[PDB]
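Residue-level structure breakdown
This is what each chain is made of:
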Amino acid sequence: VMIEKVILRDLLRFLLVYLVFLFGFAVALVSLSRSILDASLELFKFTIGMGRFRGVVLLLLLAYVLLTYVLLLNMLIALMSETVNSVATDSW
Amino acid sequence: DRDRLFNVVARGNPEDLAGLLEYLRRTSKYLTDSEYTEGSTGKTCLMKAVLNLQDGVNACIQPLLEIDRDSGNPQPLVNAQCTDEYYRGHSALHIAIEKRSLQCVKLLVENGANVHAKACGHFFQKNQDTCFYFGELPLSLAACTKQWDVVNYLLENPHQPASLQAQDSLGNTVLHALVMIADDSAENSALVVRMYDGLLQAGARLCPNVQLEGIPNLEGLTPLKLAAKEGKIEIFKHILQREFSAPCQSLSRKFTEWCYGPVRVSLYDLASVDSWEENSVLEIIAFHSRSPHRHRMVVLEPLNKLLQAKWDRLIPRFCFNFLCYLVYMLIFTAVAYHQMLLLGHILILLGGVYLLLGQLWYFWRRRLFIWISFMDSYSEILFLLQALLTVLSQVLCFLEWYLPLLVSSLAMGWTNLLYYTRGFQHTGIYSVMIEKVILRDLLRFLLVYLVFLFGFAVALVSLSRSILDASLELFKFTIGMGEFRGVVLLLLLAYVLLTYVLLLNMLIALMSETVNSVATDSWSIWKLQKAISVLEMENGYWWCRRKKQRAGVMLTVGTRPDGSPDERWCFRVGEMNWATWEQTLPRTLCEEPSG
Amino acid sequence: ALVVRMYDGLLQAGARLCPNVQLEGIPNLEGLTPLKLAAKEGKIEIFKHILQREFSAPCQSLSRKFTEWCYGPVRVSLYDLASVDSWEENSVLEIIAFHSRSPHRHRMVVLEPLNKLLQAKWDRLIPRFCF
Amino acid sequence: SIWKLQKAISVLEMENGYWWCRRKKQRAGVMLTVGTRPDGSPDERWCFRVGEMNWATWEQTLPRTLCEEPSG
Ligand SMILES: C=C(C)[C@]12C[C@@H](C)[C@@]34O[C@](Cc5ccccc5)(O[C@@H]1[C@@H]3C=C(COC(=O)Cc1ccc(O)c(OC)c1)C[C@]1(O)C(=O)C(C)=C[C@@H]41)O2
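Residues numbered from 1 in each chain as written, not as in the entry; some residues may be left out. Chains lettered and ligands numbered in written order. Part of a larger assembly, values for the part shown. Heavy atoms only, no water. Residues with missing side-chain atoms left out of burial classes, pairs and counts.

Chain C is annotated in the PDB entry as TRPV2 from Oryctolagus cuniculus.

The PDB entry lists chain B under the name TRPV2, from Oryctolagus cuniculus. Entered under Catalytic activity (unreviewed entry) in the UniProt record, the comment concerning chain B runs "Ca(2+)(in) = Ca(2+)(out)". The annotation that UniProt attaches to chain B under Subcellular location (unreviewed entry) is "Cell membrane". (UniProt positions renumbered as here; feature names shortened; annotations may be inferred.)

Here we take up the overall build of chain B. When helices and strands are counted, chain B shows 24 helices and 4 strands. Taken over the C-alpha trace, chain B has a radius of gyration of 34 Å; the compact-globule value for 595 residues is 25 Å, which it surpasses by more than 25%. Taken over the C-alpha atoms alone, chain B extends approximately 105 × 80 × 50 Å along its principal axes. (Helix = DSSP H or I, 4+ residues; strand = E, 2+ residues; numbered from the N terminus. Rg over C-alpha atoms; globule rule 2.2 N^0.38 Å.)

Here we come to the overall build of chain C. Looking only at helices and strands, chain C features 7 helices and 2 strands. C-alpha atoms of chain C, sized along the principal axes, occupy 55 × 45 × 30 Å. Nonlocal contacts in chain C, meaning residues at least 24 apart in sequence, comprise 46% of its contacts between residues at least 6 apart. (Contact = heavy atoms within 4.5 Å.)

Residue and element names in this part refer to chain B. The phi angle at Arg100 is positive, at roughly 65 degrees, despite the residue not being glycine. Mapped onto the secondary structure, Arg100 falls in the loop between α5 (92–98) and α6 (102–110). Backbone geometry at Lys146 places phi at a positive 50 degrees, although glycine is not the residue there. Inspection of the secondary structure assignment puts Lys146 in the loop between α7 (138–144) and α8 (148–156).

We now examine the interface of chain B and chain A. Counting residues at the interface gives 21 residues for chain B and 22 residues for chain A. For the side of chain B that touches chain A, the elements supplying multiple residues, two or more each, are α15 (301–337), α19 (402–416), α20 (425–440), α22 (467–478) and α23 (485–518) of chain B. For the side of chain B that touches chain A, the residue count by class is 16 nonpolar, 4 polar and 1 charged. (Nonpolar A, V, L, I, M, F, W, Y, C, P; charged D, E, K, R; others polar.)

What follows deals with the pairing of strand β1 (residues 66–71) of chain C. Residue and element names in this part refer to chain C. Pairing of β1 with strand β2 (residues 74–80), which is carried by 5 bridges, proceeds in the antiparallel orientation. Among the inter-strand pairings, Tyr71 is bridged to a residue of β2, identified as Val74. Turn length for the β1-β2 hairpin, with the two strands adjacent in sequence and antiparallel, is 2 residues, and the turn residue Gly72 shows positive phi of about 60 degrees. (Pairing = 2+ DSSP bridges.)

Quick look at the interface of chain C and chain D now. Opposite the 34 residues of chain C that make contact, chain D presents 40 residues. Looking at the side of chain C that touches chain D, the elements with two or more residues in it are β1, β2, α4 (92–99), α5 (105–109), α6 (112–124) and α7 (126–130) of chain C. Among the elements that make up the side of chain C that touches chain D, the one with the highest residue count is β2(C) (7 residues).

What follows concerns the UniProt feature "repeat: ANK" (unreviewed entry) in chain B. All names here are of chain B. Residues annotated by UniProt as "repeat: ANK" (unreviewed entry) correspond here to residues 88–120 and 219–242. Here residues 88–120 is 48% helix and 0% strand, with 6 Å between the C-alpha atoms at its ends. Taken end to end, residues 219–242 is 58% helix and 0% strand, and its two terminal C-alpha atoms sit 25 Å from one another.

This part covers the arrangement of the chains. No other pair of the 4 pairs of chains in contact has as many contacts as chains C and D. Separated throughout, chain A and chain D approach each other most closely at a C-alpha pair spaced 27 Å apart.

Here we take up the packing of helix α18 (residues 378–398) of chain B against α19(B). Residue and element names in this part refer to chain B. Following both chains from N to C, one finds α18 and α19 inclined at 150 degrees, their axes separated by 8 Å at the closest point. The handedness of the crossing between α18 and α19 comes out as left-handed. When α18 is examined against α19, the residues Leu382, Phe383, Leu385, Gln386, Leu389, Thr390, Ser393, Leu396 and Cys397 are found in contact with a partner set consisting of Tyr402, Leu405, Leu406, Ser409, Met412 and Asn416. (Axes fitted to C-alpha atoms, helices over the stretch in contact; angles between N-to-C directions. Left-handed = near helix turned anticlockwise from the far one by under 90°.)

Overall, antiparallel pairing links the 4 strands, which are arranged β1(C)-β2(C)-β2(D)-β1(D) in an open sheet. Strands at the two margins of the open sheet, each flanked by one partner only, are β1 of chain C together with β1 (30–36) of chain D. The mean inter-strand angle of the sheet, taken between neighbouring strand axes irrespective of direction, is 40 degrees.

Next up on the list: the pattern of salt bridges. Salt-bridge contacts for C:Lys40 lead to C:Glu30; the nearest nitrogen and oxygen are separated by 3.2 Å. Linking C:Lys40 in helix α2 (residues 34–40) with C:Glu30 in the loop between α1 (2–17) and α2, this pair joins segments that are 10 residues apart in sequence. The partner of C:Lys121 in a salt bridge is D:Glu15, with the nearest N and O atoms 3.9 Å apart. Note that C:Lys121 is positioned in helix α6 and D:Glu15 in helix α1 (residues 2–16), a pairing that runs across two chains. Connected via shared salt-bridge partners are C:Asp80, D:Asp43 and D:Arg45. (Salt bridge = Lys/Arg side-chain N within 4 Å of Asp/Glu carboxyl O.)

Right, let's talk about the sheet that holds strand β4 (residues 565–576) of chain B for a bit. Residues and elements named next belong to chain B. Spatially, 4 strands are ordered β1-β2-β4-β3 in an open sheet, and the strand pairing comes out antiparallel. In this open sheet, the two edge strands, each paired with only one partner strand, are β1 (254–260) and β3 (553–559). When the angles between neighbouring strand axes are averaged without regard to direction, this sheet yields 45 degrees. The pairing of β3 with β4 spans 5 bridges and is classified as antiparallel. By the bridge assignment, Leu555 is partnered in β4 with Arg568.

A separate point is the packing of aromatic side chains. Given two aromatic rings, their pairing is described by the distance between the two centres and the angle made by the two planes. On the basis of an interplanar angle of 75 degrees and a centroid distance of 5.1 Å, the ring pair of B:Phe123 and B:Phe124 is categorised as edge-to-face. An aromatic cluster is defined as three or more aromatic residues linked by ring pairs; in this entry it consists of B:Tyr86, B:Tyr87, B:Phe123, B:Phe124, B:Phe132, B:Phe134, C:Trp69 and C:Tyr71. One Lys or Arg, D:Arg27, reaches over the ring of D:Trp46 and ends 4.1 Å from the middle of that ring. (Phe/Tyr/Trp six-rings, centres within 6.5 Å; stacked < 30°, edge-to-face > 60°. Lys NZ or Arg CZ within 6 Å of the ring centre and 35° of its normal.)

Turning to the environment of D:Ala28, a few remarks are in order. With respect to the helices and strands, D:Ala28 occurs in the loop between α1 and β1. Sequence-wise, D:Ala28 and D:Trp58 are 30 residues apart; in three dimensions their C-alpha atoms are separated by 34 Å. Every residue in contact with D:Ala28, bar those within four places of it in the chain, is listed here: C:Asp85, C:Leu117 and D:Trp46.

Once that is clear, we can look at the packing of helix α1 (residues 2–32) of chain A against α19(B). Running from N to C, α1(A) and α19(B) cross one another at 165 degrees; their axes reach a closest spacing of 8 Å. What the angle tells us is that α1(A) and α19(B) run roughly antiparallel. Here α1(A) and α19(B) pass one another in a crossing that is right-handed. Between α1(A), through A:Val20, A:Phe21, A:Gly24, A:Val27, A:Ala28 and A:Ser31, and α19(B), the contact on the second element is made entirely by B:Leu403, B:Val407, B:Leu410, B:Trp414 and B:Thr415. Of the residues that constitute the contact of α1(A) with α19(B), the class distribution is 8 nonpolar, 3 polar and no charged. (Parallel < 35°, antiparallel > 145°, perpendicular 65-115°, else oblique.)

Attention now moves to the pairing of β4(B). Residue and element names in this part refer to chain B. In this structure, strand β2 (residues 263–269) lies alongside β4, joined through 7 bridges in antiparallel fashion. Each bridged residue has a counterpart across the sheet, and for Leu267 the counterpart in β4 is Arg572. The loop that links β3 with its antiparallel partner β4 comprises 5 residues.

A few words on the environment of B:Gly428. All names here are of chain B. Its location among the elements puts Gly428 in helix α20. Taking the C-alpha atoms as reference points, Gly428 and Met412, separated by 16 residues in sequence, lie 19 Å from one another. Apart from the residues lying within four places of it in its own chain, the contact partners of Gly428 are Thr421, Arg422 and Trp526.

Set out below in C-alpha cells:
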C-alpha cells in the first residue's frame, strides 16, 4: 500500500522530468554523431552500462551524472518530506 | 560660574541661583554663549536641569526662563538645540517627553518651545547599533512611548498646535514611525494598534478633509505599503481587517453586505491591493520585499481569496504556454536530430531571438529590483541563459565549437520545461522545494569536490602536460568507466571513499536538516509562486497583455463625513460561522441577499 | 537558588566583618579564583550569576554590572572585565578554551559580556585572517 | 555557539601571533571610576559597554545611572 501510494505520488512527475532530459541528451548525441530514436536507445543503454572529443564526451558525462544525482537527491528528499508529512496511524 | 551653575541646577535650589540675574546684568553676556556650554556635543544648563528632576519636578526652570527673558536674549533658551553629528537637534522637550512629565511639557510650551524641532543625529537613525528611532518629532516620541495624555495635550494646546501632517527628513509621519517600531511581540502589537486607532480618530476630528493614509514618504510609500515592506505582520493584518463601530465608520475597510443564518458575506476594500495601480501591495510583497516572513503575509483573507480567483481565471493561459513551449522544444529536438533541417534551424534562431528579447525586456526594465530579486529570481536567470546559449550556437553554426553550446542549450531547454510544473499543487511544491534547496546548499557541495578533484588529477598527471586530460583520466577512474602501484591504488580507494562517503553524505544530511527548518510552511510558498506567475502574465510577453481588468465591484458604502457619497471598489467573500447566535448582529448595508 | 543566595549572603557578611580583604581574590593551591574555578569545571548557573551582579545596598562596589544611561527601551550597561580580558595572564577565556574539560563550554560562550567582547575582537582582526 | 567557540579559538591564536610575537597587545576596555568603596579611597576599574532593547521598561522603572547624557 505504501509502495503504490508513493508510486502515485512521485512516478509520473519524475518520469516526465527524466523523459524530457532523455530526449534532450538523445537529440544532443544525435547532433554530436544516428537520429534521436537510435541515439535515444544508445544513450539509454549507455547510462545503464550495458553498451577534444574525449573532453566533450566527459563533459556530457559529468553533466548527466551530477544532474542525475540532483534529481535522485530531489526524489529522495521529496519522498522523505512526503513521508514526514504523511499520516501514519490510518494505514491500519 | 558654569560648574557652580550646574551644581545649582542639579541641586535645584532656587535661592542658591538668586543674584545670578544681577550677575548676568553686570556680566552683560548671554546664557547661549559657548562659555556656559560644553564644547563637544554642546548642551546647555537647561538640558542638564531637565535631566535632573526631583520627584517629577524642578524648581529652577521658571525663574531660569524669567532670567533669560529679562536678559534680552534674542534667541531664547528653550528653542536652542544640540550640535553634534551624533546628537543634533535634540531639545529639552524631547527629554521632558522621555522623562514622562506632563508638567514640564506644559511649562516649555507655555514658554514658547518649538514643536517642529526635530533631531537628525546618528543616534536617531534606524540603521545603526544601540540606537533609537522614532521618526524625529516630539509628537512621534509621545506616540512611540505610549503617553496618550501628552498627545492629547500637544494636539490641544492653545499656543503651538502639533501637525500630524508634518514629517521628518525622510518624509515619515507618525503612522510611518509606528510602522517602523513594530515587531512581533504581543505588547508592542497591542500598543501600536491602540495608538494607531486613537490617532486616526483624532486626525478625523482635527483635519477631516485630509486622508492621512495617503501621504507617502520620499520613497513614495504610504504607511500600508511601508507596513508591507518591512515584513510588519500584525499591524498589516489589523489594517486590512479594520472595522469601526464609531460615527466615523468611513475610516474602516471591512463591511458586511448581508447576513442570513450562518452564512454572511463580507466586503473588503481593495484600493491599495489592486494589481492595476502602480506600486500595488502585491508587487511590493512580491518584488521589493526583503522579508523572511513574506510567505506569512499571504495567508490573510483578502489576499488568499483574490489570488485564488485570479489563478482559477488564469489556468488556461498557463496550459497554453505549456503546450507552446513543449512544441518549441519538440521542434528543437527535431532540428538537433536532423543535423528539412535548414528551415527548422532558421525557426530555432527566431525562437532564440524571441526568448532573448523576452528576458532582455524583463531584466532591462528593472535592475535594482533584480538586485533585490536575486535571492529568488532563479527561473528568469536560466531563461536568459538558455536564450544566450541558443543565440551563440545558432550564430556560430551560421559560421567549429558550436556543437557544445548547442547541446548545452538543448539540455537546458528541455530541463527549463520544469518551470511549468508550478501549475498543479504537489508538482509546484516539489519544484519550489528543489529550487529553494539548490540555491541554499548545493553551491557549497560543488565547491568542495573540485579542489580534491583538481588535486587528484594533477596527482595522477605527476605520478604516472594537459590538466584537462588529467581530469578526464580522474573522472573516468571515479565514475568507473576506464582505468608504487599498490600505494597509488590505496590512495585512489581513499580518494574514492572520501569522494562519495563524505561530501555527498554530509550534504544530504544537511539538506534533510534544512528541510525540517523549512517544514510545515511549504503550502504558503506554493500559494506565493502563483502570485508571481499571475502578475507576470498580467505583464505579458513582448506582445503585451495590457488592459487588465479591475478586481472588484463598485459599491457606494454609506456616506463620507463630506456630503458626497463614497464609491469604492470592493471584493466580496463568503463565510459560514456557527457561533453566530452568541454574538449580536453586525450593521449591514444591503437588505436583500440577492446577487 | 541555594548557591546564589548563600554566596551573596556570605559576600555581604564578609564585607561587614573583614572590610579590607577582597574575598574572591584568593586563589587555591592550583591558583584559581572562584570565578576561574567555576569556569574551569563548567558550572553554568553560578557563573552567570557571578558575571552580572547588582547590589542596591550601600555597598554596590561588590557588584560588577552597572548602567551608563537609559533612554526609552535603550539602556547601556557597563561590565567589568577585571579577570575576563585575554590581555591578562591565565584569563577566563584561556581557561574556557584550553584548560577546561567540560562538554558544555559552548553554552558558557554565549553570554553578554563575553559575546560583545568576542564580536569586538573578531571584527578588529578580520583583515589578518584574509591575509 | 560552536561557531562562536571556533572564532574564540581563532582570535586567541591570532592574538598569540606568529613566530614573531604579537607583543604589546592592547588592553581591552576603558578605565573609569565606579565610585568609592567602604574604604574612603575611590574605586577605579576597567570597563566595557553593551546595548540592550527591552519593552517591559514601563512595567519596571529605570535603575541608577552615573552618566547623564549618551556619551560617544
Ligand atoms: C549553477 C547553475 C546555474 C547550473 C548551470 C548549468 C551548468 C546547469 O548545471 C548546474 C549544476 C550542475 C553542474 C554540473 C553538472 C550538473 C549540474 O545547475 C544549473 C544548471 C541545471 C540544469 C537543470 O535545470 C534546472 O536547473 C531546473 C530548473 C528549470 C527551470 C527553472 O525555471 C528552474 O527554476 C525554478 C529550475 C540545466 C543545465 O543548464 C543543463 O541542462 C546543462 C548543460 C547543465 C545544467 O549549474
